[PDB]
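Colleague: Got a file for you: protein_9.cif, mmCIF, C-alpha atoms and all ligand atoms.
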```
data_work
#
loop_
_atom_site.label_atom_id
_atom_site.label_comp_id
_atom_site.auth_asym_id
_atom_site.auth_seq_id
_atom_site.Cartn_x
_atom_site.Cartn_y
_atom_site.Cartn_z
CA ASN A 1 -17.70 -14.49 -5.88
CA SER A 2 -18.21 -11.53 -3.56
CA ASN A 3 -20.72 -8.84 -4.75
CA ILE A 4 -18.63 -5.97 -3.38
CA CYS A 5 -15.12 -4.72 -4.17
CA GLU A 6 -12.59 -6.10 -1.75
CA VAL A 7 -10.81 -2.73 -1.42
CA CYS A 8 -13.57 -0.08 -1.21
CA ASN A 9 -16.47 -2.37 -0.13
CA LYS A 10 -18.85 -0.88 -2.77
CA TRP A 11 -20.78 -2.60 -5.55
CA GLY A 12 -20.46 -1.53 -9.19
CA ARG A 13 -18.57 -2.86 -12.27
CA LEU A 14 -16.59 -5.72 -10.67
CA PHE A 15 -14.00 -8.18 -12.00
CA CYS A 16 -14.01 -11.54 -10.25
CA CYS A 17 -10.97 -13.57 -9.20
CA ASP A 18 -10.95 -17.08 -10.79
CA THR A 19 -9.03 -18.60 -7.86
CA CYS A 20 -10.69 -17.09 -4.82
CA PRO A 21 -14.03 -15.44 -4.20
CA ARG A 22 -12.74 -11.79 -4.13
CA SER A 23 -13.91 -9.12 -6.54
CA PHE A 24 -12.54 -5.75 -7.62
CA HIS A 25 -13.25 -2.58 -9.34
CA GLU A 26 -10.85 -2.07 -12.22
CA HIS A 27 -8.72 0.70 -10.61
CA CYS A 28 -9.16 -0.54 -7.01
CA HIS A 29 -7.07 -3.64 -7.81
CA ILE A 30 -3.32 -2.93 -8.06
CA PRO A 31 -2.09 -3.33 -10.70
CA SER A 32 -5.35 -2.29 -12.53
CA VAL A 33 -7.31 -5.39 -13.54
CA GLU A 34 -5.80 -6.78 -16.73
CA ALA A 35 -7.68 -6.48 -20.13
CA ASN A 36 -7.76 -10.18 -20.96
CA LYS A 37 -6.39 -13.29 -19.09
CA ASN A 38 -9.00 -16.04 -18.57
CA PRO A 39 -8.52 -17.31 -15.95
CA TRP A 40 -7.49 -14.21 -13.94
CA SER A 41 -5.91 -14.39 -10.53
CA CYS A 42 -5.96 -11.40 -8.13
CA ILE A 43 -3.05 -10.03 -6.17
CA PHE A 44 -4.06 -11.91 -3.03
CA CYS A 45 -3.82 -15.20 -5.03
CA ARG A 46 -0.52 -14.19 -6.68
CA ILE A 47 1.01 -13.39 -3.29
CA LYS A 48 -0.22 -16.70 -1.84
CA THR A 49 1.46 -18.55 -4.76
CA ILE A 50 4.86 -16.92 -4.03
CA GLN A 51 4.64 -18.10 -0.41
CA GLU A 52 3.58 -21.62 -1.47
CA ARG A 53 6.36 -21.99 -4.05
CA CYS A 54 8.98 -20.89 -1.47
CA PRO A 55 7.77 -21.70 2.06
CA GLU A 56 11.11 -20.49 3.48
CA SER A 57 10.20 -16.96 2.26
CA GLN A 58 8.11 -16.73 5.45
CA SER A 59 11.10 -17.16 7.75
CA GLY A 60 11.99 -13.93 9.49
CA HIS A 61 13.95 -11.15 7.85
CA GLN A 62 15.78 -8.00 8.93
CA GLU A 63 14.09 -4.78 7.70
CA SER A 64 17.47 -3.41 6.58
CA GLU A 65 17.94 -6.37 4.20
CA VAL A 66 14.37 -6.07 2.84
CA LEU A 67 14.77 -2.35 2.11
CA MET A 68 17.91 -2.91 -0.02
CA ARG A 69 16.25 -5.46 -2.28
CA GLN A 70 16.01 -4.49 -5.89
CA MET A 71 12.52 -4.14 -7.28
CA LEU A 72 12.50 -7.39 -9.28
CA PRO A 73 9.01 -8.75 -10.21
CA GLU A 74 8.26 -10.40 -6.89
CA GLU A 75 9.30 -7.35 -4.82
CA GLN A 76 7.28 -5.12 -7.16
CA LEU A 77 4.22 -7.29 -6.56
CA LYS A 78 4.73 -7.30 -2.81
CA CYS A 79 4.87 -3.48 -2.76
CA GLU A 80 1.73 -3.33 -4.97
CA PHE A 81 -0.07 -5.56 -2.48
CA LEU A 82 1.15 -3.59 0.54
CA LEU A 83 -0.18 -0.39 -1.17
CA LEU A 84 -3.45 -2.15 -1.78
CA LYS A 85 -3.75 -3.16 1.85
CA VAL A 86 -3.53 0.52 2.87
CA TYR A 87 -6.26 1.47 0.32
CA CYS A 88 -8.43 -1.30 1.86
CA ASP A 89 -8.76 0.83 5.05
CA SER A 90 -11.40 3.56 4.65
CA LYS A 91 -9.14 6.07 6.41
CA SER A 92 -6.89 5.93 3.36
CA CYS A 93 -9.22 8.52 1.77
CA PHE A 94 -7.41 11.24 3.75
CA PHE A 95 -4.10 10.35 2.16
CA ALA A 96 -5.15 9.35 -1.39
CA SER A 97 -5.09 12.59 -3.35
CA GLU A 98 -2.77 15.60 -3.41
CA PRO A 99 -2.97 17.57 -0.20
CA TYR A 100 -2.67 21.27 0.46
CA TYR A 101 -1.48 23.20 3.43
CA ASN A 102 -2.95 26.45 4.82
CA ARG A 103 -3.31 26.29 8.58
CA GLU A 104 -2.45 29.07 11.02
CA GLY A 105 0.74 28.20 12.89
CA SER A 106 1.94 25.47 10.49
CA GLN A 107 4.03 25.34 7.39
CA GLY A 108 3.44 22.69 4.67
CA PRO A 109 6.04 19.88 4.21
CA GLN A 110 9.04 20.26 1.94
CA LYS A 111 8.10 17.12 0.05
CA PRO A 112 4.43 16.39 -0.15
CA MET A 113 3.40 12.80 -0.80
CA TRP A 114 0.15 10.90 -1.25
CA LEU A 115 -1.06 7.39 -2.11
CA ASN A 116 -2.07 8.11 -5.70
CA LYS A 117 1.39 9.47 -6.37
CA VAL A 118 2.95 6.30 -4.97
CA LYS A 119 0.51 4.28 -7.08
CA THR A 120 1.65 6.10 -10.25
CA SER A 121 5.29 5.74 -9.25
CA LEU A 122 4.91 1.98 -8.88
CA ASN A 123 3.03 1.71 -12.16
CA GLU A 124 5.73 3.67 -13.99
CA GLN A 125 8.52 1.48 -12.38
CA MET A 126 10.14 4.52 -10.75
CA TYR A 127 11.36 2.65 -7.66
CA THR A 128 14.56 0.60 -8.03
CA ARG A 129 14.62 -0.77 -4.52
CA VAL A 130 11.99 -1.55 -1.88
CA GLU A 131 13.50 1.30 0.19
CA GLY A 132 12.18 3.86 -2.36
CA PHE A 133 8.60 2.73 -1.94
CA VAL A 134 8.76 2.37 1.85
CA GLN A 135 10.35 5.84 2.27
CA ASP A 136 7.55 7.53 0.26
CA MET A 137 4.86 5.57 2.18
CA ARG A 138 6.34 6.58 5.55
CA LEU A 139 6.73 10.18 4.38
CA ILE A 140 2.95 10.43 3.83
CA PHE A 141 2.30 9.85 7.50
CA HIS A 142 5.32 11.76 8.82
CA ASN A 143 4.22 14.89 6.84
CA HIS A 144 0.75 14.55 8.34
CA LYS A 145 2.05 14.29 11.96
CA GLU A 146 4.29 17.26 11.55
CA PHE A 147 1.66 19.52 9.93
CA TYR A 148 -1.25 18.76 12.24
CA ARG A 149 0.84 19.09 15.42
CA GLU A 150 -1.46 18.92 18.43
CA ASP A 151 -4.73 18.73 16.55
CA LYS A 152 -6.38 15.48 17.25
CA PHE A 153 -6.54 14.95 13.46
CA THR A 154 -2.89 13.83 13.75
CA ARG A 155 -4.28 10.52 14.98
CA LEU A 156 -5.48 9.60 11.50
CA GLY A 157 -1.84 9.49 10.39
CA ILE A 158 -0.95 7.23 13.31
CA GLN A 159 -3.79 4.90 12.51
CA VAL A 160 -3.10 4.55 8.80
CA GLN A 161 0.66 4.23 9.49
CA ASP A 162 -0.08 1.34 11.85
CA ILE A 163 -1.99 -0.43 9.02
CA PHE A 164 0.94 0.14 6.70
CA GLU A 165 3.56 -1.10 9.16
CA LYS A 166 1.65 -4.25 10.22
CA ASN A 167 1.11 -5.17 6.60
CA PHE A 168 4.78 -4.44 5.79
CA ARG A 169 5.97 -6.81 8.56
CA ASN A 170 3.50 -9.53 7.38
CA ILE A 171 4.11 -9.28 3.59
CA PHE A 172 7.85 -9.12 3.78
CA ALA A 173 8.04 -11.56 6.75
CA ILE A 174 10.01 -9.26 9.05
CA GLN A 175 11.46 -11.15 12.08
CA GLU A 176 9.13 -10.87 15.04
CA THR A 177 10.52 -8.89 18.03
CA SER A 178 9.46 -7.31 21.36
ZN ZN B 201 -13.47 -0.69 -5.29
ZN ZN B 202 -7.94 -14.22 -5.79
ZN ZN B 203 12.14 -22.13 -2.11
#
```
Just give me the structure as structure tokens.
Ligand SMILES: [Zn+2]
Ligand SMILES: [Zn+2]
Ligand SMILES: [Zn+2]

Modeller:
Amino acid sequence: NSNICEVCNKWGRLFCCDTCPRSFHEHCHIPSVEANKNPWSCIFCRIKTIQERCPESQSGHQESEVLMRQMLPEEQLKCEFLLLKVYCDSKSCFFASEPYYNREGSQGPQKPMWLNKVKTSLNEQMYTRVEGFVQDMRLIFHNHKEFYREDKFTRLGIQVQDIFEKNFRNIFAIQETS
């Protein structure tokens, strides 16, 4: 197994996947690494199994159809994994914890949002459809773009949004377009 956490790339107290060589800190894995279960399979393995059981799940989909899906167990897992993929980028640190807004010439957003809040919301089963999760994720970056205006710091929002969107299209097998 790897000797660093797959998500944050640090060593420490790691839990090892029994079906691939990845390792995780307890609260870096999403959901948090389970108390027992021997063997244990990580989220990357669980996602791979879904695809393998239903190869046609990788045929292309319309975003509008994906968003309206109810958050049954497999859609819940896919959103957990998509959230994890954003945390895997080190630039996610800027969007992880609750922000605050005091900048000359800007007003804070009406509805602040951050990754840890989405993480809690998923854990507490607060989203009933995929749309709920995706709207909150996109809101994180949209709030950032609006607040930071012409500062070059706006680019961090663009960059982390691109990681989100690429992973969304991959995980949910969105039909490729130009
Ligand atoms: Zn970690
Ligand atoms: Zn694994
Ligand atoms: Zn099938």

Colleague: Using all atoms listed in the file, determine which residues fall within 6 Å of ligand ZN 202 (chain B), then list them as a list in words.

Modeller: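 Here is the list of contacting residues: residues 17, 19, 20, 22, 41, 42, 44 and 45 of chain A.
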
Colleague: Taking only C-alpha atoms and all ligand atoms into account, report as an mmCIF file with C-alpha atoms, keeping the file's coordinate frame which residues have an atom no farther than 10 Å from an atom of ligand ZN 201 (chain B).

Modeller:
```
data_model
loop_
_atom_site.group_PDB
_atom_site.id
_atom_site.type_symbol
_atom_site.label_atom_id
_atom_site.label_comp_id
_atom_site.auth_asym_id
_atom_site.auth_seq_id
_atom_site.Cartn_x
_atom_site.Cartn_y
_atom_site.Cartn_z
ATOM 1 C CA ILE A 4 -18.630 -5.970 -3.380
ATOM 2 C CA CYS A 5 -15.120 -4.720 -4.170
ATOM 3 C CA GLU A 6 -12.590 -6.100 -1.750
ATOM 4 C CA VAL A 7 -10.810 -2.730 -1.420
ATOM 5 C CA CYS A 8 -13.570 -0.080 -1.210
ATOM 6 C CA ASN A 9 -16.470 -2.370 -0.130
ATOM 7 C CA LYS A 10 -18.850 -0.880 -2.770
ATOM 8 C CA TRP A 11 -20.780 -2.600 -5.550
ATOM 9 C CA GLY A 12 -20.460 -1.530 -9.190
ATOM 10 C CA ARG A 13 -18.570 -2.860 -12.270
ATOM 11 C CA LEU A 14 -16.590 -5.720 -10.670
ATOM 12 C CA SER A 23 -13.910 -9.120 -6.540
ATOM 13 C CA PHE A 24 -12.540 -5.750 -7.620
ATOM 14 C CA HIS A 25 -13.250 -2.580 -9.340
ATOM 15 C CA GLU A 26 -10.850 -2.070 -12.220
ATOM 16 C CA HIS A 27 -8.720 0.700 -10.610
ATOM 17 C CA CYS A 28 -9.160 -0.540 -7.010
ATOM 18 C CA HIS A 29 -7.070 -3.640 -7.810
ATOM 19 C CA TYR A 87 -6.260 1.470 0.320
ATOM 20 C CA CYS A 88 -8.430 -1.300 1.860
#
```

Colleague: Work out how far apart atom CA of residue A:175 and atom CA of residue A:68 are and give it in Å to one decimal.

Modeller: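 Going from atom CA of residue A:175 over to atom CA of residue A:68, I get 16.0 Å.
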
Colleague: Please check which protein, DNA or RNA residues sit within 9 Å of ligand ZN 203 (chain B), counting only C-alpha atoms and all ligand atoms, and write them as a list in words.

Modeller: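 Final answer, ordered by chain and number: residues 51, 52, 53, 54, 55, 56 and 57 of chain A.
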
Colleague: Just how far from atom CA of residue A:74 is atom CA of residue A:50, in Å to one decimal?

Modeller: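 One can read the atom CA of residue A:50 to atom CA of residue A:74 distance as 7.9 Å.
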
Colleague: Using only C-alpha atoms, I'd like a table of the residues in stretch 49-145 of chain A that come within 9 Å of stretch 152-158 of chain A; for each, show the closest atom pair and its distance in Å rounded to one decimal, ordered by chain and ascending number, as a tab-separated table.

Modeller:
```
residue	atom	partner	partner_atom	distance
A:91	CA	A:156	CA	7.2
A:94	CA	A:156	CA	8.2
A:95	CA	A:157	CA	8.6
A:140	CA	A:157	CA	8.2
A:141	CA	A:157	CA	5.1
A:142	CA	A:157	CA	7.7
A:143	CA	A:157	CA	8.9
A:144	CA	A:157	CA	6.0
A:145	CA	A:154	CA	5.3
```

Colleague: For residue A:86, which residue out of A:18, A:63, A:165, A:176 is the nearest one, using all atoms listed in the file?

Modeller: A:165

Colleague: For a cut-off of 9 Å around (10.8, 1.0, -0.4), file coordinates, pick out all residues using only C-alpha atoms and list them as a ChimeraX atom specification.

Modeller: /A:66-69,71,79,127-137

Colleague: Looking at A:72, A:77, A:113, A:160, which one is nearest to residue A:43, with distances taken over all atoms listed in the file?

Modeller: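 Smallest distance to residue A:43 is found for A:77.
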
Colleague: Between atom CA of residue A:159 and atom CA of residue A:103, what is the distance, to one decimal in Å?

Modeller: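 We find that atom CA of residue A:159 and atom CA of residue A:103 lie 21.8 Å from each other.
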
Colleague: Hey, which of A:102, A:2, A:70, A:62 ends up closest to residue A:168? Count all atoms listed in the file.

Modeller: A:62
